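Accompanying notes for the structure given below.
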Amino acid sequence: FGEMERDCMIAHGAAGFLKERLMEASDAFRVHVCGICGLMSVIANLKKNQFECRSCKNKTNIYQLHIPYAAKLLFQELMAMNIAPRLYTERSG
Amino acid sequence: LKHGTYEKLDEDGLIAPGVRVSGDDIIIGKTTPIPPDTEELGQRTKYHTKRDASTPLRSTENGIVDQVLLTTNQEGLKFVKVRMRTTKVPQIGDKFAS
Amino acid sequence: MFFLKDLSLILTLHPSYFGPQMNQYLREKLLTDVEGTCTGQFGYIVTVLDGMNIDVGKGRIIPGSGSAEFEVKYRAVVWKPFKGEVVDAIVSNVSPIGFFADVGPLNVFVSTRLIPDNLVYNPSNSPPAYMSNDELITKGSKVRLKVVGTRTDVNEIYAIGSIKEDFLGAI
Amino acid sequence: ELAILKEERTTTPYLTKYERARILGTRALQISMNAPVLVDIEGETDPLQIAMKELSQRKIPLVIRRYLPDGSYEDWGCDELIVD
Amino acid sequence: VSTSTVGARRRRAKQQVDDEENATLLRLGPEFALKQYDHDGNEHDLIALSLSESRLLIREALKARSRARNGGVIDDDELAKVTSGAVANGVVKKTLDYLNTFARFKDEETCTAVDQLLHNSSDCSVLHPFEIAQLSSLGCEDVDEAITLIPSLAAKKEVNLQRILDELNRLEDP
Amino acid sequence: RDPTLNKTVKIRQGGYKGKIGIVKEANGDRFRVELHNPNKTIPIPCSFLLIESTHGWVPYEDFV
Amino acid sequence: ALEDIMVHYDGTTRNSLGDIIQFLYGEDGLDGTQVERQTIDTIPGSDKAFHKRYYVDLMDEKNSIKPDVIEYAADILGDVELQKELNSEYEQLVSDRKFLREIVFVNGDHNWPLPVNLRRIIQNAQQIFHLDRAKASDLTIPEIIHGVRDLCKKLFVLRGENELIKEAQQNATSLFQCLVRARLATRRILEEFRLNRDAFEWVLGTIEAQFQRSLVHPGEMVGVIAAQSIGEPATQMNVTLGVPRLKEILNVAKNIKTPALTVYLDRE
Amino acid sequence: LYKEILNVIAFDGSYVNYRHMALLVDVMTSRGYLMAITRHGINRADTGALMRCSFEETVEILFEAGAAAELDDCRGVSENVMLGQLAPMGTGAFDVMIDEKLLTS
Amino acid sequence: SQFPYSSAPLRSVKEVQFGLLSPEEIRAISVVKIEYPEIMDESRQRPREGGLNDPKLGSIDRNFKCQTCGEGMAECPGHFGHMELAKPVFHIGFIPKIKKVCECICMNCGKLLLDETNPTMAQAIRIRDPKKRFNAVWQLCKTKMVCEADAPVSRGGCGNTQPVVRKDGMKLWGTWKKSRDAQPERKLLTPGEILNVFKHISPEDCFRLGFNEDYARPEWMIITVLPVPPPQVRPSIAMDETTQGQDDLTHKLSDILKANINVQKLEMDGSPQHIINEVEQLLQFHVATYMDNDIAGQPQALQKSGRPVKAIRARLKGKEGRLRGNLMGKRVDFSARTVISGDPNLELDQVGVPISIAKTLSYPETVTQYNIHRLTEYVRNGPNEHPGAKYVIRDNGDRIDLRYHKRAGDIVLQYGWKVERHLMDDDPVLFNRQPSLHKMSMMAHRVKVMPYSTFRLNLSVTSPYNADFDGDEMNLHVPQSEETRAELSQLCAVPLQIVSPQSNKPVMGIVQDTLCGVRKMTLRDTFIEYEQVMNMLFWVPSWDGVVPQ
RNA sequence: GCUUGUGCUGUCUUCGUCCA
Ligand SMILES: [Mg+2]
Ligand SMILES: [Zn+2]
Ligand SMILES: [Zn+2]
Ligand SMILES: [Zn+2]
């Protein structure tokens with residue numbers, strides 16, 4: 001599903017179909033993010049039910065996101081080049 | 001092992017000409033040795049020492065085995081070639097030109 | 001120590017409950033999910049004030065799943081211990097390593113290394129107790145202890161007290 | 001604050017095609033997940049057809065929140081938007 | 001589970017010493033700071049509650065909920081059983097027992113007089129609400145005892161602590 | 001596991017009578033048999049088959 | 001370049017930053033699938049033909065409405081209030097002719113894409129209400145005047161009571177109102193189309209409904225649609241022209257291949 | 001600019017509706033100066049870094065955004081596409097809420 | 001519902017805040033320190049701790065679990081480590097920016113060469129945009145070549161002359177006009193010195209330069225500690241049945257770690273400055289080519305085979321890069337492709353689908369009381385008969401593969417479960433032909449299951465697709481949800497696309513022999529007898545049963 | 001007494017198919 005097909009689906013106005021194509025029919029992934037630093041550095045043990053961002057030293061302000069696996073890979077490669085992409089779930093102003 | 005069948009192989013691990021083959025069926029049986037695990041704790045005849053490296057038929061193809069070649073390579077190990085034959089009849093969607 | 005706090009909860013409702021009794025069902029679900037819970041950030045939530053007249057607002061339909069998400073804001077009474085605070089307690093169990101007390105729902109453990117030496121543990125006593133010449137502390141006896149450390153769990157709080165300082169011990 | 005009072009609503013009073021498609025999809029999904037139906041179905045079984053029947057009779061229990069570019073919004077009921 | 005009305009608090013570089021919880025230093029953290037905000041965003045003060053005020057509030061709320069659930073038609077056990085959840089029932093039973101066995105003021109009018117004395121007083125206009133709750137809860141008898149139990153009151157020597165304690169003992173039912 | 005998997009079989013009834021095949025899948029009575037000449041696999045009930053043995057063709061019941 | 005451009009619920013065209021690109025999409029707020037080529041009847045012709053087609057004089061007997069097309073043909077001559085209404089209509093038509101001929105279309109072109117096909121609506125009304133036969137019409141002239149005038153103020157592109165909103169709304173429907181007034185003229189309705197009361201009300205309601213249906217829908221991604229609509233002809237295709245000239249235009253090249261001036265001289 | 005684009009399009013007899021070319025030249029002249037449809041024109045805007053990097057000069061744009069501590073507000077379609085979210089376009093330009101008042105019937 | 005339950009609330013991303021990573025943050029988010037170049041412990045499995053494949057960095061194996069989070073390969077995202085560098089090095093992407101900042105400030109007392117007293121500087125301060133603010137400040141302070149000890153009253157200036165700094169390779173040279181002509185000395189500006197100078201810059205001066213105190217600090221452009229990506233970023237491949245080859249990034253990290261140990265040992269034991277310079281330039285080269293191997297004016301880092309090293313930068317750019325190749329467009333599931341054929345007996349919005357494609361593709365239908373009987377009939381039919389089904393999905397998400405189920409006839413369906421039934425008649429599907437020049441290249445059709453292996457189209461839709469039947473192929477996409485099906489059937493359907501917005505005219509018409517025949521049949525001298533008239537009238541689906549006179 | 005096994009490389013190069 002190339003870029004031109006994406007533009008055609010934008011021109012149709014079908015946002016739900018585009019989201020389903022690019023996530024459910026493809027690399028859908030779930031990550032946890034700290035609510036303070038906004039980094040994907042949370043250490044989650046789901047069956048032990050314990051979450052922790054060791055850097056920010058917090059256990060309660062943690063959320064889960066559904067993002068493409070390629071987006072996760074891109075953010076990790078950016079982090080490898082010392083760039084800090086921080087994902088926040090609220091606006092500031 | 002693979003999900004395909006192995007009953008069409010002979011003792012030497014090679015299929016014989018004249019046999020029907022479907023997709024994924026195994027036509028060349030090959031194994032490579034592997035250092036055995038702690039299964040020497042006792043497994044009389046069922047301890048794994050080999051890993052399967054067999055050649056399956058292409059999943060979209062089927063036909064008859066036409067000829068099986070056996071020889072040795074330049075170095076000196078065995079070397080096999082299997083030829084499959086099938087007939088293709090014209091149908092809707094086939095390309096023709098003048 | 002008890003406090004009044006403005007709390008919020010996110011409630012997700014399945015489409016099978018989209019009926020006229022949606023508001024009341026959300027209220028009872030909120031009550032069952034809030035009353036008696038223990039969160040380390042806040043402490044212990046004991047009751048919710050005005051529990052039958054809480055505004056729930058309009059729920060937002062989650063895209064791709066149909067279920068509605070509600071933001072419910074409420075005021076509740078919350079209790080949380082603090083480091084270096086002196087509170088009363090009631091002894092619940094006696095052990096050679098120390099005694100276990102109860103401060104409401106919170107259970108506080110005090111080790112012998114935070115107990116004065118004259119309060120020697122007597123296991124032969126009926127019931128077993130940490131007793132001195134003029135003091136006798138056993139199960140059900142009023143004790144005043146100072147909280148030194150607090151341990152936070154996933155949905156539990158563990159507190160450690162001490163009675164080695166003045167104006168503590170038996171009361 | 002961001003909400004706009006019902007008397008001074010200035011957006012179009014007609015249901016756009018995107019809103020119609022999204023409302024039909026959401027209602028069909030809810031019906032397929034065992035939500036109560038508000039219209040009498042004669043012999044219909046398909047959730048999308050039941051949702052379309054609900055829309056034609058103005059019985060869909062959903063609200064459309066239209067967002068303005070500055071951040072404010074207007075709330076419109078599915079029963080007060082004209083559908084062709 | 002439940003989320004406070006205070007949000008944001010993103011990453012920075014500076015570290016402060018007023019971050020650890022400590023009753024003695026009167027550092028209650030951001031979520032229990034002296035300044036709070038309601039659902040409307042207006043200014044709001046931290047609301048401490050003594051055991052008398054807390055007991056009155058929990059009894060009032062519980063009896064209101066019990067009356068509402070019964071169609072508008074006193075025992076602690078039945079009132080605790082009104083609530084739902086076995087762990088919730090145990091927690092409210094433990095709180096009811098703790099409050100009952102340490103209730104300094106079981107009367108509404110006595111609690112009202114105590115709150116008015118501890119709020120409208122000129123000396124108490126500077127007192128932190130946590131200090132007020134601790135004084136009304138612990139039932140101290142001496143200035144030295146109160147200072148030892150509550151180290152924050154040591155730095156506030158402009159408070160008529162002894163006469164306030166004697167008034168509290170007088171209001172306390174023997 | 002059925003005793004008829006990967007065994008040469010002959011069809012005795014229906015529209016494919018007298019065609020030699022090999023049993024590939026056998027779950028509940030609907031044996032999947034590949035046909036030697038038509039490059040295809042067809043479903044067939046166990047009643048319509050004839051399993052080869054050392055002494056001529058045997059029916060399904062008389063073999064299992 | 002155009003991917004993030006969308007029509008919003010206030011009618012404006014904006015990008016992802018909220019910067020306004022157009023205060024109304026297409027300067028008329030219409031969908032690109034809802035317009036057809038129509039002729040504006042006040043633009044072409046001579047002054048004699050325009051006067052003959054549109055002017056109705058109730059004093060001169062040979063330059064009035066015909067007597068076999070109206071049942072009220074007797075008590076019509078000599079009226080002054082009705083003559084004032086007809087004069088107001090004619091002055092509005094003359095203003096429209098001046099506006100279109102002098103500001104909008106100066107070369108006389110009058111076949112332009114507009115919404116709501118009026119010819120189709122008129123012939124549909126004629127077929128539905130059986131407007132054949134020499135039967136006189138019961139449609140009074142003030143009814144025609146007030147119906148057309150009210151119709152020309154219900155074509156809502158923008159909603160609101162602000163004065164700027166009203167000015168933008170009046171601006172957005174100028175050409176379409178000119179088309180409607182040129183078609184639904186009193187003499188034309190009475191003689192060429194021969195509508196009656198029911199047919200007239202049906203035509204007015206149909207025009208209003210179809211104009212409401214021709215507006216662009218908020219949420220449209222008109223930027224991507226414009227990009228595809230411009231790039232698609234480029235796929236199937238001494239002054240440089242074609243793809244190199246399109247590249248020069250889109251890159252804003254400083255040194256184009258064939259610079260040129262178009263110099264116009266004074267009349268003499 | 002509209003006249004030149006119209007000349008180029010209409011020379012070979014083709015026809016394009018006015019609104020498309022009007023939107024194009026309005027984007028090309030909205031900033032007060034001529035903005036070319038190139039990386040020098042498009043990527044010198046105030047749009048989000050994630051939206052600009054997906055066109056051209058990805059790594060340079062990301063390095064500049066990191067060094068400048070840029071904040072992407074994720075309002076564009078490209079950011080939501082590459083984050084796997086419902087883009088605020090078409091059917092995603094509004095929210096759907098549950099009507100409790102109507103449900104009483 | 002394909003992910004295991006988590007008590008963390010589910011939210012979406014509203015803002016992305018960019019910035020640089022500080023050494024404190026790199027150390028804090030790390031789970032292990034990497035100091036051993038050897039990948040394998042003793043060539044006997046169980047990779048060495050503290051190495052580049054430490055088991056705390058994450059698990060990329062089926063049977064092994066991550067020792068940091070305890071999750072399996074499918075769920076573990078990977079964890080970062082760090083690698084302390086013996087000497088600081090330049091970040092290859094920020095060297096011109098470091099040069100410009102060095103021009104902007106004073107190399108001895110870390111202060112801007114000009115203050116707000118200059119009105120032009122105040123105007124440069126006023127602009128909010130950090131890039132333009134930095135540009136203006138740089139355009140001003142570049143001219144100023146001397147720190148001012150007193151105000152042009154002491155501004156704190158040390159008075160020293162500002163050198164001219166020129167870039168060559170990755171090395172900056174600062175030419176001081178030491179005290180008309182004299183002998184000027186150009187000395188190397190080592191990364192440690194610039195780092196120390198940047199560290200003294202006040203926060204307010206940092207803000208004046210367009211940097212941010214919290215997220216983008218000027219001394220963080222110098223690498224003192226290197227974050228180590230998890231194995232998920234740099235997976236190993238299986239070259240043959242036995243030997244497995246390491247990723248390029250792993251080899252480059254091994255080279256970096258060897259150079260670091262070399263620098264450290266050299267400094268500790270004995271220090272001839274020339275050898276220090278050589279080995280430290282080798283370390284700088286390795287760190288620079290680990291991130292950017294397309295550096296102009298110097299040779300590329302090569303593999304043992306002679307192919308150049310694949311750097312991180314080259315993973316993110318081009319058609320096959322991360323952005324264009326895996327985010328703006330990707331490969332998707334639930335799709336089909338085959339040759340297309342014409343069908344005069346199909347409706348305009350219908351598509352003919354081969355039976356094998358209908359068996360392969362599926363739609364997950366929710367079990368309700370309106371369809372439970374039909375769905376259990378489909379489940380009884382199985383995955384090899386049409387109409388059948390392939391999977392039964394429980395509420396908890398467990399799939400039941402109907403191929404390998406011995407009691408598929410004894411499966412009872414509960415309300416709320418999902419059945420992945422085969423593609424059926426009248427299911428909406430999206431149909432597409434490349435290149436997709438306009439939005440009529442993707443339209444939603446209705447499925448009709450037919451024999452033979454081609455897709456079938458009405459001939460009037462061949463114009464918007466620009467397709468013919470001499471070998472063309474077209475793609476098909478199956479929606480997987482009720483909302484997505486409604487979107488396809490109400491927005492993208494073929495009848496809704498008849499009139500295009502490009503030229504406000506139809507894009508579909510009567511074509512080819514239908515056009516020729518309609519011209520021939522409507523000629524004035526064409527007459528038809530009663531029997532043929534009856535046949536043609538019965539051929540009309542919309543005919544009302546009344547024969548005309 | 002006897003029970004059916006559960007998956008796949010990477011990187012280049014060349015030749016082709018349908019548009020353009
Ligand atoms: Mg072709
Ligand atoms: Zn964090
Ligand atoms: Zn892990
Ligand atoms: Zn200086």
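All residue names refer to the structure tokens as shown: chains lettered A, B, ... in order, residues numbered from 1 in each chain, ligands numbered from 1 in order.
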Self-check item: Contacts of residue 8 in chain H within 8 Å, only C-alpha atoms (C1' of nucleotides), excl. fewer than 3 positions in-chain, as an MDAnalysis selection string
Solution: (chainID G and resid 241:242 245:246) or (chainID H and resid 4:5 11)
Quiz item: Using only C-alpha atoms (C1' of nucleotides) and all ligand atoms, which protein or nucleic acid residues are at most 6 Å from ligand 2, as a PyMOL selection string?
Solution: chain A and resi 34+36-37+53+55-56
Exercise. Extract, using only C-alpha atoms (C1' of nucleotides), all DNA, RNA and protein residues at most 7 Å from residue 114 in chain C, discarding same-chain residues fewer than 3 positions from it, and format them as a count of residues only.
Key: 5
Exercise. Could you give me, as an MDAnalysis selection string, each residue of range 1-135 of chain G that DSSP assigns to strand (DSSP E or B) when run on this structure's backbone?
Key: chainID G and resid 6:7 13:14 20:22 30 36:39 70 111:114
Residue subset to file, keeping C-alpha atoms, as an mmCIF file, in the first residue's frame:
```
data_model
loop_
_atom_site.group_PDB
_atom_site.id
_atom_site.type_symbol
_atom_site.label_atom_id
_atom_site.label_comp_id
_atom_site.auth_asym_id
_atom_site.auth_seq_id
_atom_site.Cartn_x
_atom_site.Cartn_y
_atom_site.Cartn_z
ATOM 1 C CA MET G 6 -8.970 20.826 4.391
ATOM 2 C CA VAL G 7 -12.307 22.644 4.377
ATOM 3 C CA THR G 13 -9.891 26.576 3.730
ATOM 4 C CA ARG G 14 -6.927 26.078 6.079
ATOM 5 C CA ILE G 20 -6.189 30.611 6.161
ATOM 6 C CA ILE G 21 -5.557 29.810 2.507
ATOM 7 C CA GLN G 22 -9.052 30.732 1.282
ATOM 8 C CA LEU G 30 -19.381 24.690 -3.755
ATOM 9 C CA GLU G 36 -22.707 22.548 -14.917
ATOM 10 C CA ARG G 37 -22.273 24.938 -17.826
ATOM 11 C CA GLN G 38 -25.189 27.382 -17.978
ATOM 12 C CA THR G 39 -25.806 30.563 -19.950
ATOM 13 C CA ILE G 70 -53.195 35.747 -17.656
ATOM 14 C CA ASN G 111 -21.382 30.137 -20.648
ATOM 15 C CA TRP G 112 -19.864 29.334 -17.255
ATOM 16 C CA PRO G 113 -20.095 26.492 -14.716
ATOM 17 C CA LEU G 114 -22.703 27.268 -12.058
#
```
Exercise. Compute the set of protein, DNA and RNA residues whose minimum atom distance to ligand 4 is at most 10 Å, using only C-alpha atoms (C1' of nucleotides) and all ligand atoms, and state it as a VMD selection string.
Key: chain I and resid 105 to 113 146 to 149 155 to 162
Quiz prompt | Environment of ligand 1 within 6 Å, counting only C-alpha atoms (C1' of nucleotides) and all ligand atoms, reported as a ChimeraX atom specification | solution = /I:468-472 /J:18
Practice problem: With a distance cut-off of 6 Å and only C-alpha atoms (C1' of nucleotides), select the neighbouring residues of residue 61 in chain B, excluding the residue or stretch itself and same-chain residues fewer than 2 positions from it, and output the selection as number ranges by chain. | Solution: B: 23, 58-59
Which chains and residue numbers are within 6 Å of ligand 3, counting only C-alpha atoms (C1' of nucleotides) and all ligand atoms, if I want them as a short mmCIF file (atom, residue, chain, number, x, y, z; two decimals) with N, CA and C atoms, in the first residue's frame?
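See part_14.cif below for the written result:
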```cif
data_model
loop_
_atom_site.label_atom_id
_atom_site.label_comp_id
_atom_site.auth_asym_id
_atom_site.auth_seq_id
_atom_site.Cartn_x
_atom_site.Cartn_y
_atom_site.Cartn_z
N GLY I 58 17.50 -7.46 25.75
CA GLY I 58 16.29 -7.96 25.13
C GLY I 58 16.47 -9.32 24.50
N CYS I 66 13.43 -12.16 27.97
CA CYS I 66 14.25 -11.01 28.35
C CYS I 66 14.49 -11.02 29.86
N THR I 68 15.31 -8.42 31.60
CA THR I 68 14.97 -7.12 32.16
C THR I 68 13.48 -6.99 32.46
N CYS I 69 12.63 -7.26 31.47
CA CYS I 69 11.19 -7.14 31.66
C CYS I 69 10.48 -8.48 31.81
N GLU I 71 9.39 -10.49 29.53
CA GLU I 71 8.44 -10.76 28.47
C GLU I 71 9.07 -11.60 27.36
N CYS I 76 8.47 -7.99 24.11
CA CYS I 76 9.58 -7.17 24.58
C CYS I 76 9.97 -6.14 23.53
N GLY I 78 12.71 -4.25 23.66
CA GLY I 78 14.14 -4.02 23.68
C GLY I 78 14.52 -2.90 24.63
#
```
Exercise. Just the residues within 8 Å of range 8-15 of chain J, please, counting only C-alpha atoms (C1' of nucleotides), with nothing from its chain fewer than 4 positions along; format it as a ChimeraX atom specification.
Key: /I:237-240
Same residues, N, CA, C and O atoms, saved as a PDB file, in the first residue's frame:
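This is the output file again33.pdb:
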```pdb
ATOM      1  N   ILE I 237      21.253 -12.391  11.231  1.00  0.00           N
ATOM      2  CA  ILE I 237      20.614 -13.139  10.158  1.00  0.00           C
ATOM      3  C   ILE I 237      21.268 -14.508  10.057  1.00  0.00           C
ATOM      4  O   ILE I 237      22.392 -14.726  10.513  1.00  0.00           O
ATOM      5  N   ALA I 238      20.544 -15.440   9.443  1.00  0.00           N
ATOM      6  CA  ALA I 238      21.004 -16.813   9.257  1.00  0.00           C
ATOM      7  C   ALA I 238      21.438 -16.970   7.802  1.00  0.00           C
ATOM      8  O   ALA I 238      20.608 -17.196   6.920  1.00  0.00           O
ATOM      9  N   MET I 239      22.747 -16.814   7.560  1.00  0.00           N
ATOM     10  CA  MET I 239      23.284 -16.871   6.201  1.00  0.00           C
ATOM     11  C   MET I 239      23.062 -18.237   5.562  1.00  0.00           C
ATOM     12  O   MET I 239      22.661 -18.331   4.396  1.00  0.00           O
ATOM     13  N   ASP I 240      23.312 -19.307   6.309  1.00  0.00           N
ATOM     14  CA  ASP I 240      23.090 -20.666   5.835  1.00  0.00           C
ATOM     15  C   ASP I 240      22.457 -21.461   6.973  1.00  0.00           C
ATOM     16  O   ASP I 240      21.979 -20.890   7.958  1.00  0.00           O
TER      17      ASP I 240
END
```
